[PDB]
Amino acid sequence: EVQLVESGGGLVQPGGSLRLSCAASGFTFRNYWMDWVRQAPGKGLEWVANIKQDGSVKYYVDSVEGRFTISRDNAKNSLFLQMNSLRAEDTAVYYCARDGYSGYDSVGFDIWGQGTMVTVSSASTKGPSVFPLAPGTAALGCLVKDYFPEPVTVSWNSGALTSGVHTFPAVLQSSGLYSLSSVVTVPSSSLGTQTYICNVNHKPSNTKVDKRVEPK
């Protein structure tokens, strides 16, 4: 079965460098052109780099020229993207993609991988601070603030409470640290009878916090 796995991304400082890797399986890698496509947070798709079957011909966009290099290894069924002199505007999910147009039938980009999230910023890794949101239908929530980088997963009652749960997308504050709120809508009669645990998970900082919200 045809699929692509991407790796190499991460959080680096401006002016740094990192190497992308794309592992290919389920198809003849030598017979297809390949491409790199990135997508900024909440933005559209932008093609980045392209490579011939044998790697002799490589094309780039105007922005990344002189900084990014795309190579491949047909024997190892892999493909790479060296990214030097990284700028903040390069922060995007980079999708390794198969060209598809390898024969007589004209085909667009056949296969896309999961992508790797690269983040270019000067901010250090930060652990979130979680504060409760005390209140016919009552509302409860947990507010996580001043954390970096994304993502943060929030669960209520260790995943038992799922209905009426709204985990809001994080917003970037002026300090460069993300912030989001997870809220739950529960019947007002359930207050006091039930105990609500909110579980935040910041894997980059390895932070585990379980917070309890009571009406007070």
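Start at 1 and count along the sequence shown; that's the residue number.
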Exercise. Can you say how many deposited residues have no coordinates in the span between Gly127 and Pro128, choosing none, 1 to 3, 4 to 9, or 10 or more?
Worked result: none
Problem set entry | Comparing 187 to 195 with 153 to 161, the one whose average Cα B-factor in the PDB entry is higher | 187 to 195
Exercise. In the PDB record, does 32 to 40 or 63 to 71 carry the higher mean Cα temperature factor?
Worked result: 63 to 71
For this session: State the tercile, meaning the lowest, middle or highest third, of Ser106 with respect to the CA B-factors recorded for its chain.
Result: middle
Exercise. Lowest, middle or highest third: where is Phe80 by Cα B-factor in its chain?
Worked result: lowest
Problem set entry | CA B-factor placement of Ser21, once the chain's modelled residues are sorted into thirds | highest
Seminar exercise, completed: Quick tally, chain-level thirds of C-alpha B-factors: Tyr95 sits in the middle
Problem set entry | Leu140 - Cα temperature factor, lowest/middle/highest third of chain | highest
